[PDB]
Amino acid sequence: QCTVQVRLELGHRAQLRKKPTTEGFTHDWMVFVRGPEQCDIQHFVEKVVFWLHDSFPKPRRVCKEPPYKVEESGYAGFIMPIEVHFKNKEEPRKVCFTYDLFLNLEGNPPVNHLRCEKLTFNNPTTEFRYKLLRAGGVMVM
């Protein structure tokens, strides 16, 4: 009997692009998944898949190691499925987040947003427990 808790941070930055008036993309943005400082989520994260809007070239963006991030230009915000896959041999194998990638419209200052997620693993295998603790995970009885 034990629970191991680990922390993910999802976030994004967005700002106006300065290029020619005839390039349609108004914004640069960057979306990420990371650990808190001094945690190494690579120990328990196999890969992160960012599912961009269908209009993007190769919209299924895979990061198999850090940094887990996509840097793009665009003309609109959208809802981004973000899948974090685990180095786990049993369930759960992954978690899906629905990430609100919104841009700064109407001359508002840049977006710099963080969304903090706690993952709770009940009774993980010996092996996966060690990966979670190795990543800076916390046990509970």
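Position 1 is the first residue in the sequence shown; the rest follow in order. Rigid core: the largest C-alpha set superposing within 1.5 Å between the two forms.
Undergrad: With the rigid core as the fit anchor, does 108 to 116 or 84 to 92 show bigger C-alpha shifts in 6 other deposited structures of this protein?
TA: Taking the RMS over all superposed structures in 6 other deposited structures of this protein, 108 to 116 lies farther out.
Undergrad: Give, as the answer, the stretch of 97 to 105 and 27 to 35 that departs more from the shown form in 6 other deposited structures of this protein; the measure is RMS Cα distance after a core fit.
TA: Per-stretch check in 6 other deposited structures of this protein: the more divergent one is 97 to 105.
Undergrad: Averaging only over Cα atoms, indicate whether 101 to 109 or 47 to 55 has the higher B-factor in the PDB entry.
TA: Per the PDB record, 101 to 109.
Undergrad: Can you tell me which stretch has the higher mean Cα B-factor, 17 to 25 or 124 to 132?
TA: Comparing 124 to 132 with 17 to 25, the higher mean C-alpha B-factor belongs to 17 to 25.
Undergrad: When the CA B-factors of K69, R115, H85, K89 are compared as recorded in the entry, which is the largest?
TA: Highest C-alpha B-factor among the listed options: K89.
Undergrad: Would you mind checking which of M30, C39, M80, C63 has the top Cα temperature factor in the PDB entry?
TA: Of the options given, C39 has the highest CA B-factor in the PDB entry.
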